[PDB]
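*Asks:* Residue numbers (the numbering used here), protein chains in the order written: chain U, 1 to 104; chain X, 105 to 344; chain E, 345 to 692; chain V, 693 to 805; chain L, 806 to 1079.
A virtual CB, placed ideally from N, CA and C, is assigned to each residue, including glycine.
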Amino acid sequence: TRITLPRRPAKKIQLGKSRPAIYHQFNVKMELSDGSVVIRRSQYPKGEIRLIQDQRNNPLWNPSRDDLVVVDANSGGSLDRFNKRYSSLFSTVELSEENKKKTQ
Amino acid sequence: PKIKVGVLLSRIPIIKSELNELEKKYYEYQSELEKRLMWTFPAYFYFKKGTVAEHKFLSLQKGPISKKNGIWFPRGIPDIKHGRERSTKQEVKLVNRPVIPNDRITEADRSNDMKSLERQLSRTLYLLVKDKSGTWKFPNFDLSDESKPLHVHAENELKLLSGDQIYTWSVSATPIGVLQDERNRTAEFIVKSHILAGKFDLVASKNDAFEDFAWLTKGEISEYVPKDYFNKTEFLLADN
Amino acid sequence: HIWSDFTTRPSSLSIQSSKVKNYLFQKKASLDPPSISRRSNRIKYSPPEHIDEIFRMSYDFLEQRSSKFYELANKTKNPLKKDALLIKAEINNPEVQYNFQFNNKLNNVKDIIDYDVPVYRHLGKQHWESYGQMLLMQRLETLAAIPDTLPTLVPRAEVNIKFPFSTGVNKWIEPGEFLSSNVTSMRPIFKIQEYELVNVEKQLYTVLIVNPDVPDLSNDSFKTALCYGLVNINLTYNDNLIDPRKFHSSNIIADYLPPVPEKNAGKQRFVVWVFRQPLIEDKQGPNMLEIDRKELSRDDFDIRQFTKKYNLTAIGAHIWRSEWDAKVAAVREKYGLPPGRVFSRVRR
Amino acid sequence: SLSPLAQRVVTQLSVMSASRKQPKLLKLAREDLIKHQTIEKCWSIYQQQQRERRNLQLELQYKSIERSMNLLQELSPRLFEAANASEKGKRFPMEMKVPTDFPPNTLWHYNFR
Amino acid sequence: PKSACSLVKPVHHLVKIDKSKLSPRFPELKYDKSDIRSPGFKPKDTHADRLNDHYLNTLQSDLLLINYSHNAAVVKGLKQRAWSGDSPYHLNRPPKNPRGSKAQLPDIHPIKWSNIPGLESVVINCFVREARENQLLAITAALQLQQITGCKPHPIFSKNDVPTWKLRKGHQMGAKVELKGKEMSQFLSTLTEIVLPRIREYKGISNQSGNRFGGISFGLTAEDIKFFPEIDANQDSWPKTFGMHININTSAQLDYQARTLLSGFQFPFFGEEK
RNA sequence: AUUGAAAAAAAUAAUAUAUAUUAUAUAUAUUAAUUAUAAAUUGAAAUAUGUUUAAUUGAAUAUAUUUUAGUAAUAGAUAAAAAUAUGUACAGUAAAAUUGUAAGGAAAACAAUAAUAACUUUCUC
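Encoded structure:
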C-alpha cells in the first residue's frame, strides 16, 4: 500500500564517464539588516535579497548593542491593523495606568 | 627585575580581504571554466507554466540557434537539449529598492586620518602609542601590587587611561612574549586583547605617560617602530 | 628572464617550431592553434576564456623561482646536487614539458629531447618508472626469470631489443612476448637508455643473454646456456643503440646463437641481462678488463658465479620466449648445428 | 495517467538528475593543455608558500609563548599560576563577526552596553 | 573452482607494482580526478572563502594562545591491557579490553602550531520517518538538502527492522550530504547569519552535546528550514518541510576545544559544561 | 577545400587508407563522440518569406520549416539494507560497545572512537 514510483532501467555510467555534478548557481548578493552585503552562491534565479531580521537585529548576537531596532514578520496583527485602526488612543506613560492590579 | 605589562590591541577586519592580481585572474579563469562545464538551468521548475514572471523571464532571455536541414554552420551542427546549446556556456539573465553595496574605501582612507578605526577596513589595526620621545611602541603599563593577574591589570589600567570609553576583550592570561631590557632591568609582558567598541581617546592630563596614539597596521608599524623593537615583535602581528 | 636567454643553457630547452612558441607566448588571442590542422576544425575550436593573462603571470612566477634555483645551482660544487638543482630549476618550463610529452622519448632527437640535460633525464626516468619498469618487473617476476638467473634486479636503465636483420620489419619487442624461430634467427640489438648520472666517458657495460631452460637429461633437470655475450661496450645518453657498429670482434665473448628449442621440450625463456663494469678511480680512461675465455662454459653457464668473479652490477634486463615450430630445423642447418632432439608429450 | 504529486516529485527529481542537463566534455588543445598545467602548478606552489608562511609565524608565536612562560615562572610564580589557568569555557565575544564582502552602513560604534 | 585457498606468492623485487596503470582498459581513470583531462574534473578554487580567511587570520593565533598549556604532556588513552606474565597460558592470549570501555580511545596531544583546532567536514542527516508509507516524500528531502547545502545528496535507506514502528528494512527514507571546503564554509555562515537568528526561543547549542573527541551536533526543526533563502523565495513550491540533523566535525582533540573554535564562527552556547 | 585572424612535422592511443614479414607491425592524414535511442492539437526556441511601425536595422506582426519538452534517481571500479547464489580481472575490510544529535525513547538514521618509528615527493627556516 506504499506510494512508490516504479524504477526504470538505470543507465550505465561506465567507468571513466563519471562527470561531477555542477548545479547551476548564481552570484547572488545578500543584503543584511545594515548595509553589509555578502555574496552567496545560490540556485534560485534572482540576484539580491533583503533580510528583514538577521543576526544584526538579534539581541543574542549583539549583547553590547544599546540601540537595537526590532522587526518581525509582516503578515497581519499589531504593526498591520491594530495601529491604523487605533490611531488616536496613544501613550509608555499609558502603560503605567494598567501597570498593576494590586492583588495578593 | 621589575615586571612590566604591555597590551597589544587588535581591531579585527570589518570587510573581506582584498585579492592579489594573481588571485583575481586565477579565480576568474576557474569561474569561466566552471561556467563552461556549467549545467543547464532548470527553468521549468522554478518558473511554473503560465506564470507572468515565467513569461517575463522567457523574454528576458535570448534563445539559442537550432539545427536546420539544408543550412551550413561553420562552427558545427547545434546541439541543444532543454533549450541550451551543449557546446558552450549558458547565460541566464535575471520597498524593493536596488541593493547598492557600500564603498570599501571610507572617508578615513582618503583623508589619511590616523586616529580613526576605519582607516583600513580589510586589515588589522594595532594601537601604537608614542612615548615622551619620538619612539612609538605598544603601551607598557607597570605594576607593583601583583595582587591581580597581569592581563587584568592591563585591562583595568587601559580603561582608566581611555576614560572608560573603550571595550576591550582579554583573549588569554598567557603573555604573548617578553621584551627584556638589560639597561633598566625591565621584563615586559605583552597581552593580546581585542577592541570591541569605542575609541582610545587619551584623557590623562597628569602627563604620566604617552602623548600620541595611532591605529597602524603591520606595514605601518614597521616604519614607526624602531627596527630593534620591530624585529622582536614582527611575528606577533597579522599580515592581513 | 632566465628561461629566455640561451648564453649557456642548451637549445633543447626551447620549442623548435616558431608558430607553436608564438601562440604559447601570444599576447592577445589572435593566433589559431597550430596542432589543429584543418581550418574547419580550427574555427570550431574555442579556447577557454581568460587563459592568456593568468598564464603570463604564472610564467613570470615560475621564471623568478627558476632564476633563484639557477643562482643557487651556480654556487654549489657537488655534481649530484648540481644536477638536482638544474632539474629543479627547469622542470617547470612549459617549453620543457612541450618538448618531452609531445615527442618521441625512445628515438629521441638531440634537438628536442636531449638526454644530456638533467631535466629531460629526470622526466624520462619518471616516465619509464610509470609504465615500462612496472611492466618489465612483472614479466620477470611472474615468469620466474629473476630467481632462476639472479637473486633480484633493481632497474636503473631502460632496455629495449629488436631483431632488425631476421625479417626486415621494425618492431620493438615487448618483454615476455612469443617469438618464432625465424624472427629471432639472426641477431638482437639493444638500446640501453640510462637515466642516472654516470661518467659516460669512463663507464663500460656488458650484455649477456641466458636461457635457463635447456634440458639436462643427465640430472633430469635444466641447465643454463649462454646465448650472446658482449663486454666493454661504451654508451652515450643520446646514442646508446648497441649494434655491430659500436662493438668489434674483441667485445664478443660469445657469438650469438639463435633460440633453437626442441620439440615438446617446453617453453624456453631468454633473459637479457645488462650490467656495468667496475669503475676504478685513480686511472685515466676506461678500465678495460680482459674476460677469461678459458672457462666460459656457454653450455652449462652459471651467471651468478660469472657476476661475482668479475664484480658486475646489474641495471636492466629483458626477456622473450620461444617454442618449437617448423622453422627450427631450417635454423639448425643454417647455423650448422646437430638436429634437435624430439621428446615425449607427457611427463613420467 | 499519473498523480499530480508524482508529477511534481518527478520534476524535483529532474532537478536532481543529470539527464539532458550537462554540456559536452571540455576539450583543450595540446598547447592550452600545457597552458593549464603551468597555471595549476603556480597556484599549487603559491598556496604552499602561503601555508608555510603561516606555519612559520605560528612556530615563532609558540616559541614566544614558552619563553614568556619560562621567564614568568622563574621570576614571579604568583602571576604564572593565573597565566597557566585553563580556558575550558572560553568563548570569543559574539560582537566579533566574520568579515563581510561590503561594509555596513554604520562602520563602528562608540557606545557600549 | 578447484579449490578455495587464498595464498599470494612472494615476490623477488622491491619495486611497487600497480596493475591499473599497465592495463589498457579504462584509459580515463588513469588521469587523476583533479586533472583537466579527466571527465571527472571539477574546478575547486572558484572564489575566495571569507570564513576560512577569518580563521586563518584571527582565530588561528588566538586559539594557539587560548589552549596552550605550559609544558603539557601527552595523555595516553585507554588502550588494550597486556597480560602480566605469571602463568604458561599468556603466551598466545589476546590482550584484555580497555579498562572501562570495549573500544580503544585516542591520545590527547598538547596544542601546538601544527595542530590547531579547525573545521574539516559537516554532515547533514535527514531521516524522514513518514516515508515508510509515502516513498515519494524521500525525494523531497534530497531536493531540500540540495537546494540548501548546494551539493549532491547521497540517499539514506533503512537498515533495521522494528515492527512496533511499521519500519521495514530496505526502503529509502532520507538523504545525506558530505560538505567540505568552501561549500561547508558557506553553509556554516548562512546558517548563523540567516537561519539561526530567526527562531523565537533560540538560546544556542547545548554544551552537553558533542562526541568526546571533537565533533558537535545539533538539530533544526521542520519550521526552521523555511528560513533558508532558497525556500523563502519559492514558498509556493515547498508545501512540506521537515527537520534534519547537523554534525560539525573538527580537528579538535576534545570537545571543549571545538566549542571555543566554533564560537569564533558566531555560534552561541547556553548550557553548563560537563 | 570554401567559411572573421595573418610551408609544415618530430609523443601514447583511436579512426581512415596503404602494405612489409610463416612477427596483430610500419608509413601518411586528422584528433570524432563520451549520458544518447520511436511516439507531443497544446509549452519554449530558432531560420526563412511579407506587413506595420520604428536606408540599414530594433520591436511587434501572419505563415512555412525545423529544433527543444516524453521532463525518472546510479556521476563512484560505487564496498556490510534489498535484489544476478556458477566464470574471470581489480579493489576493500567487517561486528559489538561508547559519546552525541528535532520528533527519537532500550530499539529507526547520521557522525566520531588504536600508534606513526622508518621511506618518497613538495614547500619552507
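Chain X partners of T851/L, CB-CB under 9 Å?
*Replies:* Start at 1 with the first residue of the fifth sequence, and residue 851/L comes out as number 46. By Cβ distance, chain X contributes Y131, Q134, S135, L137, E138.
*Asks:* Can you tell which of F26/U, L32/U, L5/U has its C-alpha closest to the C-alpha of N206/X?
*Replies:* The residue you call residue 206/X lines up with position 102 of the second sequence. Ranking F26/U, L32/U, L5/U by Cα distance to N206/X puts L32/U first.
*Asks:* May I ask you to verify whether the region 411-431 of chain E touches the region 213-233 of chain X, counting CB pairs closer than 8 Å and requiring at least 3?
*Replies:* Contact between the region 411-431 of chain E and the region 213-233 of chain X is absent, because fewer than three Cβ pairs lie under 8 Å.
*Asks:* Give a yes or no on whether the C-beta atoms belonging to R465/E and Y539/E are separated by under 8 Å.
*Replies:* For the purposes of this step, residue 465/E is taken as the residue at position 121 of the third sequence. For the purposes of this step, residue 539/E is taken as the residue at position 195 of the third sequence. Yes, the Cβ-Cβ distance between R465/E and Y539/E is below 8 Å.
*Asks:* I need the boundaries of the beta strand (DSSP E) containing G302/X, first residue and last residue.
*Replies:* By 1-based counting over the second sequence, the position of residue 302/X is 198. Where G302/X is concerned, the enclosing beta strand (DSSP E) stretches over 290-302.
*Asks:* Using beta carbons (cut-off 8 Å, strictly below), is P696/V in contact with chain X?
*Replies:* Numbered from 1 along the fourth sequence, position 4 holds the residue referred to as residue 696/V. No, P696/V does not count as interfacial toward chain X.
*Asks:* Answer with buried or exposed for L89/U, where buried requires no fewer than 16 other C-beta atoms within 10 angstroms of its C-beta.
*Replies:* Residue mapping note: residue 89/U aligns to position 89 of the first sequence, counting from 1. Under this definition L89/U is an exposed residue.
*Asks:* Measuring CB to CB, does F1075/L end up less than 8 Å from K987/L?
*Replies:* Position 270 of the fifth sequence, counted from the first residue, corresponds to residue 1075/L. Position 182 of the fifth sequence, counted from the first residue, corresponds to residue 987/L. Going by C-beta atoms, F1075/L is not nearer than 8 Å to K987/L.
*Asks:* Under the three-state reduction of DSSP, which class applies to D316/X: helix, strand or coil?
*Replies:* In the second sequence, residue 316/X corresponds to position 212, counting from 1. Strand, per DSSP.
*Asks:* In the DSSP assignment, the alpha helix (DSSP H) including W668/E goes from what residue to what residue?
*Replies:* In the third sequence, the residue the question calls residue 668/E occupies position 324. Note, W668/E: premise wrong, no alpha helix (DSSP H); not H, not E.
*Asks:* Assign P559/E to one of three DSSP states: helix, strand, or coil.
*Replies:* As a first step, residue 559/E must be located in the third sequence, where it is residue number 215. Correct three-state label for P559/E: strand.
*Asks:* Pair every Cβ in the region 553-572 of chain E with every Cβ in the region 641-650 of chain E, then say whether three or more of these pairs are closer than 8 Å.
*Replies:* Touching, yes, given that three or more Cβ pairs across the two stretches are closer than 8 Å.
*Asks:* Can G1019/L and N1054/L be called in contact, C-beta distance under 8 Å?
*Replies:* As a working note, residue 1019/L is residue 214 in the fifth sequence. As a working note, residue 1054/L is residue 249 in the fifth sequence. Yes; because the gap between Cβ atoms is below 8 Å, this pair is in contact.
*Asks:* Please check if any C-beta of chain E sits within less than 8 Å of the C-beta of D823/L.
*Replies:* Numbered from 1 along the fifth sequence, position 18 holds the residue referred to as residue 823/L. Judged by the 8 Å Cβ criterion, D823/L is in contact with chain E.
*Asks:* Excluding the 5 residues preceding and the 5 following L480/E in the sequence, name in chain order all residues of the same chain whose CB lies nearer than 6 Å to its CB.
*Replies:* The residue labelled residue 480/E in the question sits at position 136 within the third sequence. The answer, listed in chain order, is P519.
*Asks:* Pop quiz: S379/E and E744/V are said to be a contact at Cβ under 8 Å. What is the actual Cβ separation, rounded to whole angstroms?
*Replies:* In the third sequence, residue 379/E corresponds to position 35, counting from 1. In the fourth sequence, residue 744/V corresponds to position 52, counting from 1. In fact, because the Cβ distance is near 38 Å, the residues do not count as touching under 8 Å.
*Asks:* Tell me the residue span of the beta strand (DSSP E) that contains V28/U.
*Replies:* For the purposes of this step, residue 28/U is taken as the residue at position 28 of the first sequence. Note, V28/U: beta strand (DSSP E), 26-31.
*Asks:* Using three-state DSSP, classify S926/L as helix, strand or coil.
*Replies:* Start at 1 with the first residue of the fifth sequence, and residue 926/L comes out as number 121. In the structure shown, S926/L sits in a strand (DSSP, three-state: E or B).
*Asks:* Does the separation of the CB atoms of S64/U and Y271/X fall below 8 Å?
*Replies:* Numbered from 1 along the first sequence, position 64 holds the residue referred to as residue 64/U. Numbered from 1 along the second sequence, position 167 holds the residue referred to as residue 271/X. Yes, the Cβ-Cβ distance between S64/U and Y271/X is below 8 Å.
*Asks:* Alpha carbon to alpha carbon, how far is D867/L from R1064/L? Give it in angstroms, no decimals.
*Replies:* Within the fifth sequence, numbered from 1, the residue matching residue 1064/L stands at position 259. Within the fifth sequence, numbered from 1, the residue matching residue 867/L stands at position 62. So the two alpha carbons sit approximately 14 Å from each other.
*Asks:* Any idea if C734/V is buried or exposed, counting beta-carbon neighbours within 10 angstroms, 16 or more meaning buried?
*Replies:* By 1-based counting over the fourth sequence, the position of residue 734/V is 42. When all chains shown are included, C734/V counts as buried.
*Asks:* Among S874/L, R1017/L, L812/L, which residue has its Cα nearest to the Cα of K755/V?
*Replies:* In the fourth sequence, residue 755/V corresponds to position 63, counting from 1. The shortest Cα separation from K755/V among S874/L, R1017/L, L812/L belongs to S874/L.
*Asks:* Step through the CB atoms of chain L and report whether any lies within less than 8 Å of the CB of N206/X.
*Replies:* On the second sequence, position 102 is the one that residue 206/X refers to. Chain L contact via Cβ: absent.
*Asks:* If distances are taken between C-alpha atoms only, which option among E250/X, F242/X, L141/X comes closest to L262/X?
*Replies:* Residue numbering aside, residue 262/X sits at position 158 when the second sequence is read from its first letter. The residue with the shortest Cα to Cα distance from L262/X is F242/X.
*Asks:* For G905/L, which option in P915/L, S1014/L, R886/L has the closest C-alpha, if you only look at C-alpha atoms?
*Replies:* Locating residue 905/L in the fifth sequence gives position 100, counting from the first residue. Minimum Cα distance to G905/L is reached at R886/L.
*Asks:* Measure the Cβ-Cβ separation of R227/X and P117/X and say whether it is below 8 Å.
*Replies:* To locate residue 227/X, count along the second sequence from 1; it is residue 123. To locate residue 117/X, count along the second sequence from 1; it is residue 13. Yes, these two residues count as a Cβ contact at 8 Å.
*Asks:* Could you pull out every residue in the same chain whose Cβ sits closer than 7 Å to the Cβ of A1027/L, ignoring the five residues on either side in sequence?
*Replies:* In the fifth sequence, the residue the question calls residue 1027/L occupies position 222. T1046, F1047, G1048.
*Asks:* Suppose the cutoff is 6 Å on Cβ atoms and the five residues either side in sequence are ignored; what does the same chain contact list for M30/U look like?
*Replies:* Locating residue 30/U in the first sequence gives position 30, counting from the first residue. Once the five neighbours on either side are set aside, the close Cβ partners of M30/U are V38, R40, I49.
*Asks:* Drop a sphere of 10 angstroms on the beta-carbon of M632/E, count the other beta-carbons inside from all chains shown, and report buried for 16 or more, exposed for fewer.
*Replies:* Counting from one through the third sequence, the residue named residue 632/E turns up at place 288. Flag for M632/E reads exposed.
*Asks:* Assuming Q104/U contacts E1035/L (C-beta within less than 8 Å), just tell me the rounded distance between them.
*Replies:* By one-based count along the first sequence, residue 104/U stands at place 104. By one-based count along the fifth sequence, residue 1035/L stands at place 230. About 55 Å; that fails the 8 Å criterion.
*Asks:* Buried or exposed, going by whether 16 or more other CB atoms sit within 10 Å of the CB of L424/E?
*Replies:* In the third sequence, counting from the first residue as 1, residue 424/E sits at position 80. Exposed.
*Asks:* May I ask which residues mark the beginning and end of the alpha helix (DSSP H) holding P960/L?
*Replies:* Within the fifth sequence, numbered from 1, the residue matching residue 960/L stands at position 155. Not the alpha helix (DSSP H): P960/L falls in the beta strand (DSSP E), residues 959-962.
*Asks:* Go through the region 561-595 of chain E residue by residue and report every complete run of the beta strand (DSSP E) that reaches 3 residues or more, in order.
*Replies:* If we require 3 residues or more, the beta strand (DSSP E) runs fully inside the region 561-595 of chain E come out as 565-577.
*Asks:* Would you say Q55/U faces chain L, with C-beta separation under 8 Å as the test?
*Replies:* To locate residue 55/U, count along the first sequence from 1; it is residue 55. So, interface residue.
*Asks:* From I663/E to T352/E, what distance separates their C-alpha atoms?
*Replies:* For the purposes of this step, residue 663/E is identified with residue 319 of the third sequence, where counting begins at 1. For the purposes of this step, residue 352/E is identified with residue 8 of the third sequence, where counting begins at 1. One C-alpha to the other measures close to 42 Å.
*Asks:* Let me check understanding here. Comparing Cα to Cα, which of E1078/L, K1079/L, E1077/L, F1070/L lies closest to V790/V?
*Replies:* Counted from its first residue, the fourth sequence places residue 790/V at position 98. When each option's Cα is compared against that of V790/V, the closest is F1070/L.
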